[PDB]
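Order-wise, the sequence lines are chains A, B, C, D, E, F and G.
Here PDB author numbering is used: the first residue of the first sequence is 18, the next is one more, and so on.
Here PDB author numbering is used: the first residue of the second sequence is 1009, the next is one more, and so on.
Here PDB author numbering is used: the first residue of the third sequence is 415, the next is one more, and so on.
Here PDB author numbering is used: the first residue of the fourth sequence is 415, the next is one more, and so on.
Here PDB author numbering is used: the first residue of the fifth sequence is 316, the next is one more, and so on.
As numbered in PDB author numbering, residues 613 to 698, 710 to 744, 757 to 761 make up the sixth sequence, in order.
As numbered in PDB author numbering, residues 861 to 877, 886 to 915, 927 to 959 make up the seventh sequence, in order.
A virtual CB, placed ideally from N, CA and C, is assigned to each residue, including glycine.
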Amino acid sequence: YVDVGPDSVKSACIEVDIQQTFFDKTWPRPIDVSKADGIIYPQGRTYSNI
Amino acid sequence: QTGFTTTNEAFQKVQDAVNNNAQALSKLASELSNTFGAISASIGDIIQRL
Amino acid sequence: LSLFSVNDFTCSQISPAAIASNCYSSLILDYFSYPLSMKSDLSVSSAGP
Amino acid sequence: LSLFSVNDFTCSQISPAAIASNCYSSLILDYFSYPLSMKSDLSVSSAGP
Amino acid sequence: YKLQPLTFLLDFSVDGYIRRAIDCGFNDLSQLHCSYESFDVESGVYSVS
Amino acid sequence: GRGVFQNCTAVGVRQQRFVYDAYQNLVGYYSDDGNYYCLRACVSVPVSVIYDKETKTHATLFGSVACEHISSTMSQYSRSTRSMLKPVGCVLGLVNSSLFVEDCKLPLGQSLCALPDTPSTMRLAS
Amino acid sequence: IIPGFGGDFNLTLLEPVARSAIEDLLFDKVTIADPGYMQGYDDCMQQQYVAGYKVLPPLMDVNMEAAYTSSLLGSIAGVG
């Protein structure tokens, strides 16, 4: 049910070069509960100062 | 007269008595209610949902 | 309900009358083909597989 | 189960999956000829002749 | 970061945003905060499971 | 749910239309879509039966204050004796019993409040 | 009760006239959990107790209670 964009027409796909070592950079960012990182709001209701 | 705060153990005992009556009365009844209700837990949805 | 005659109506955890007039967060509807022979087999929970 | 095709399989007070794969101290089984037309009589809740 | 079913003590401000939260399983202190339902608990020695 | 709305300061994220307070009971914030309006729980008046067996006279009592707002045989209050109901100086309640309370009277009597004392002859001793 | 009680024995328990200052201080210092006497229902309409339990009145006025303390304060010297 594809719509809007025409598909199945392309001469070729671009060549891709993969280097894992360059991508291997360490920048740790741990979840913090105090900062409420990645915490979904309760879908049921909003709350006051409680 | 100057010291009637946390330093005075007897004053803390008066606060404990006031806290005990309130927790045993308003807090206990409200928390116990809603706990035993599977659905609405207050009106009970007698005609609303049952 | 008027549009389709209901061969079997069973409502669980909700009143049959209540579903028509209750106000709630979202409505979920499902449709599938069911045999009359397996109408008895179909249940919210059943010993039968 | 493979030897005889089963018209119905019902387990009471035990899961069908559990009856196939559970540890039981003793197994007692009864085999007899029972007509398909009369299946209502053999029910613990019912009191058929 | 993967999501796991967890019980979290949640602090809601007057604005209603969740400024602070407690994991409740990360360490003994988080479990103590959940027990009293308060971010700050009285100083003392508390038994843990 | 029964609710009373009065102007209050806006609170909550506004993503959800309902604010709750640690219970199934609802604060009912923003009851009006246009402006924030805090909801109120159902409000009722308690009734206490003051009865003397020998006198065979019965009286009606209310809690904390009844003089300022509540009135006798009020339409708003549905249940009194569950059939029919049953004007005095403000005290612990608007007693149906009248006569009022004299400043000085015998201390001994039926228990009631800090100052009101219940006699038999309906009377309200102090 | 006399404003001068002791010879340089400054006594602050004097009642200002009932509600002695030391008694007032402890009541103020302790949380005012229940200001709902004499105004409970109006307060219920301004911000009768939830559903069921209804707090009953003390049965002694803080003035009569102060009068009992006043009698004790006067009696101190005579029994002494």
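Distance, residue j Cα to residue i Cα
{"i": "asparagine 719 of chain F", "j": "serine 687 of chain F", "result": "16 Å"}
{"i": "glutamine 927 of chain G", "j": "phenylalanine 865 of chain G", "result": "46 Å"}
{"i": "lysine 52 of chain A", "j": "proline 937 of chain G", "result": "48 Å"}
{"i": "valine 50 of chain A", "j": "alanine 622 of chain F", "result": "27 Å"}
{"i": "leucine 450 of chain D", "j": "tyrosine 635 of chain F", "result": "56 Å"}
{"i": "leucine 638 of chain F", "j": "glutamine 427 of chain D", "result": "42 Å"}
{"i": "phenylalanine 418 of chain D", "j": "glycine 22 of chain A", "result": "57 Å"}
{"i": "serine 25 of chain A", "j": "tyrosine 18 of chain A", "result": "14 Å"}
{"i": "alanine 1037 of chain B", "j": "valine 655 of chain F", "result": "18 Å"}
{"i": "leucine 871 of chain G", "j": "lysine 1021 of chain B", "result": "25 Å"}
{"i": "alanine 432 of chain C", "j": "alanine 1018 of chain B", "result": "57 Å"}
{"i": "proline 463 of chain C", "j": "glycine 331 of chain E", "result": "47 Å"}
{"i": "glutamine 628 of chain F", "j": "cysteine 650 of chain F", "result": "15 Å"}
{"i": "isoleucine 442 of chain C", "j": "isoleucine 1054 of chain B", "result": "23 Å"}
{"i": "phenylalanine 895 of chain G", "j": "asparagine 1028 of chain B", "result": "17 Å"}
{"i": "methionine 906 of chain G", "j": "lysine 897 of chain G", "result": "21 Å"}
{"i": "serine 457 of chain C", "j": "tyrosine 445 of chain C", "result": "15 Å"}
{"i": "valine 711 of chain F", "j": "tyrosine 689 of chain F", "result": "19 Å"}
{"i": "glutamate 891 of chain G", "j": "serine 949 of chain G", "result": "12 Å"}
{"i": "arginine 46 of chain A", "j": "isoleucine 56 of chain A", "result": "15 Å"}
{"i": "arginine 758 of chain F", "j": "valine 724 of chain F", "result": "7 Å"}
{"i": "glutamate 680 of chain F", "j": "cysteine 713 of chain F", "result": "8 Å"}
{"i": "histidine 348 of chain E", "j": "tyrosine 361 of chain E", "result": "11 Å"}
Contact belief for residue i with residue j at Cβ below 8 Å, rounded distance in angstroms
{"i": "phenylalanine 323 of chain E", "j": "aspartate 338 of chain E", "result": "7 Å"}
{"i": "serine 65 of chain A", "j": "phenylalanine 327 of chain E", "result": "7 Å"}
{"i": "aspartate 940 of chain G", "j": "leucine 729 of chain F", "result": "At roughly 16 Å, the Cβ-Cβ gap does not stay under 8 Å, so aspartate 940 of chain G and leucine 729 of chain F are not in contact."}
{"i": "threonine 63 of chain A", "j": "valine 625 of chain F", "result": "5 Å"}
{"i": "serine 743 of chain F", "j": "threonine 685 of chain F", "result": "The pair is not a contact, with the Cβ atoms about 26 Å apart (cut-off 8 Å)."}
{"i": "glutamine 1023 of chain B", "j": "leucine 893 of chain G", "result": "About 14 Å; that fails the 8 Å criterion."}
{"i": "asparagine 436 of chain C", "j": "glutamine 1056 of chain B", "result": "7 Å"}
{"i": "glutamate 875 of chain G", "j": "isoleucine 862 of chain G", "result": "With a Cβ gap of about 11 Å, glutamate 875 of chain G and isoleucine 862 of chain G do not count as contacting."}
Contact set for residue i: own chain, Cβ-Cβ below 7 Å, skip 5 residues either direction
{"i": "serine 460 of chain D", "result": "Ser454"}
{"i": "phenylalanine 423 of chain C", "result": "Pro430"}
{"i": "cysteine 727 of chain F", "result": "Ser761"}
{"i": "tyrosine 632 of chain F", "result": "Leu638 and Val639"}
{"i": "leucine 325 of chain E", "result": "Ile333 and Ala336"}
{"i": "residue 846 of chain F", "result": "The question about residue 846 of chain F has no answer here: the residues shown for chain F are numbered 613 through 761."}
Minimum C-alpha distance to residue i - residue among the options
{"i": "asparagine 647 of chain F", "options": "F:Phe617, F:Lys728 and F:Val714", "result": "F:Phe617"}
{"i": "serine 734 of chain F", "options": "F:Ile662, F:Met696, F:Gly613 and F:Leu697", "result": "F:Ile662"}
{"i": "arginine 691 of chain F", "options": "F:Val714, F:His681, F:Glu725 and F:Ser660", "result": "F:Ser660"}
{"i": "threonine 693 of chain F", "options": "F:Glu725, F:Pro658, F:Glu680 and F:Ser683", "result": "F:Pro658"}
{"i": "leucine 952 of chain G", "options": "G:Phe869, G:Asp868 and G:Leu873", "result": "G:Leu873"}
{"i": "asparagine 421 of chain D", "options": "D:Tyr448, D:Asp444 and D:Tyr438", "result": "D:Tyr448"}
{"i": "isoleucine 682 of chain F", "options": "F:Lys698, F:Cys620, F:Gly716 and F:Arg614", "result": "F:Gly716"}
{"i": "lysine 317 of chain E", "options": "A:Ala29, A:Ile48, A:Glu32 and A:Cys30", "result": "A:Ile48"}
Cβ of residue i within 7 Å of any chain J Cβ
{"i": "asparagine 1042 of chain B", "result": "Protein chains in the displayed structure are A, B, C, D, E, F and G, and chain J is not among them."}
Cutoff 8 Å; reference residue i; Cβ partners in own chain excluding five residues on either side
{"i": "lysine 933 of chain G", "result": "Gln927"}
Heavy atom of the ligand NAP within 6 Å of residue i beta-carbon
{"i": "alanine 956 of chain G", "result": "Among the components modelled here there is no ligand, and therefore nothing to report on the ligand NAP."}
Practice item. For the segment 667-682 of chain F and the segment 901-910 of chain G, state whether three or more C-beta atom pairs, one from each stretch, are separated by less than 8 Å. Key: yes
**Study point:** the segment 641-660 of chain F contacting the segment 354-361 of chain E, beta-carbon criterion three pairs below 8 Å
**Key:** no
Check your understanding: Counting pairs of Cβ atoms below 8 Å between the segment 657-672 of chain F and the segment 716-731 of chain F, do you hit three or more?
Key -> Judged by Cβ distances under 8 Å, the segment 657-672 of chain F makes contact with the segment 716-731 of chain F, as three or more pairs qualify.
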